[PDB]
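Just the one chain here, laid out as structure tokens, in the form solved without its partner chain.
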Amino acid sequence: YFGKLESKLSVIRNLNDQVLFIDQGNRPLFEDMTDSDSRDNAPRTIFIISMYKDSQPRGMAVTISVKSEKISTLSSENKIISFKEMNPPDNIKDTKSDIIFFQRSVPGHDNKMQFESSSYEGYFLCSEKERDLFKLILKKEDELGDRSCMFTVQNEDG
């Protein structure tokens, strides 16, 4: 079971220092910081990362949420990325949750972070180039070390 401990406003960057944002179609994408749309994208680059106490410690249990009038929360339900129309909850009774990810440092690189789905073991948040877009996806990572599934997390107050 999980209990919410604290929340922080955060900026998430991929392996190429592109910044995670939510586009108008509610899709999580990565922008170059010289992107001509970076002015309009700015409010949608701020994420609420909530950290949870976990009765079965497996990594740092977090939810990733966005505020746009209402708060929505990243979900790995059905092994795809989506947003649930929910605030991060105070408590979660089960040991796995489609909105809980395990955040862990990369070996030898304490600043680089990976996010594993707590509901689908072996599935990680990753950045993937798809045509001209860079998308946040959920990907089954057999072997770790893929830098495309490594991020840095910057606190808005830090």
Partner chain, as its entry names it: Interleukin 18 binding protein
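Numbering follows the first chain given and starts at 1.
There is another form of this protein, the form solved in complex with its partner chain, and it is not shown here; the text below is about that form.
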*May I ask you to check whether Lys96 falls inside a 4.5 Å heavy atom distance of its partner chain in the entry with it bound?*
no
*asked:* Please determine whether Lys67 contacts its partner chain in the entry with it bound, using a 4.5 Å cut-off between heavy atoms.
replied: no
*Using 4.5 Å between non-hydrogen atoms, is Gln103 touching its partner chain in the entry with it bound?*
yes
*Within a 4.5 Å heavy atom cut-off, is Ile46 in contact with its partner chain in the entry with it bound?*
no
*Along 1-32, which positions have a non-hydrogen atom within 4.5 Å of its partner chain in the entry with it bound?*
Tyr1, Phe2, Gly3, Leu5, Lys8
